[PDB]
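S.K.:
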Amino acid sequence: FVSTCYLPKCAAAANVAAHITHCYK
Ligand SMILES: [Zn+2]
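Residue numbers for the sequence shown follow the working numbering, beginning at 1 and rising by one.
1) I need the straight-line Cα distance from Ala13 to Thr21, nearest angstrom please.
2) Could you please give the first and the last residue of the uninterrupted alpha helix (DSSP H) stretch that includes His19?
3) So which residues touch the region around ligand 1, with touch meaning a C-beta under 6 Å from any heavy atom?
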């Protein structure tokens, strides 16, 4: 979830895909 992302510059439009796209476990 982009809302619960760890690194900044991820939440630009509340897009989950744009977050998990590069953000992984
Ligand atoms: Zn992220």
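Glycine residues also receive a C-beta, built at the ideal position from the N, C-alpha and C atoms.
M.R.: For this structure:
1) Computed Cα separation, rounded: 14 Å.
2) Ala17 to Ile20
3) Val2, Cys5, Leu7, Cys10, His19 and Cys23
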